[PDB]
């Protein structure tokens, strides 16, 4: 899709992440872990919320009847009315069809977008201390324990703290 992450270079979703929309999985010496990212999940949710609010805002226009349910309508005027109403109906079913198709397109792509934006945020955090998988993972070239992992998700990772160790490992030297 538009941003290349969701249904893109990320091969699939995580059914086990019922905690949020986007998130992290890590692996170090202590083992594995999973945590949802709140900010990115919320940015997407609030946008969906916006569309639903627009969908559900109502117009104030009150209409009266121009067709009797119980007594006959004169034939010519009746034909005019049927023609007008069907023409109005076609317009509205066209518009409804378009609204959904267009909105769905935008919804799908903005969620891809928020996924990518999170990915980019982490990439720049780690700068020269990690390398990209190509599959949405970063290989970290230093000892990253559960607190270091947490500081990455929590946006407090200080790259300069590990840069020396990391660069030597990326160069494969001592």
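Residue numbers count along the first chain shown, from 1.
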Margin query: Quick check: 71 to 79 versus 85 to 93, which has the larger average CA B-factor in the record?
Written below: 71 to 79
Item checked: Mean C-alpha B-factor comparison - 26 to 34 and 104 to 112, higher one -> 26 to 34
Notebook entry, point to check: Which of these, 47, 117, 60, 41, has its C-alpha atom at the highest B-factor, as the entry lists it?
Noted result: 60
Next item on the list: Grab the CA temperature factor for residue 5 from the record and place it in the lowest, middle or highest third of its chain.
Entry: lowest
Note to self: Could you place residue 66 in the lowest, middle or highest third of its chain by Cα temperature factor, using the values in the record?
What the structure shows: lowest
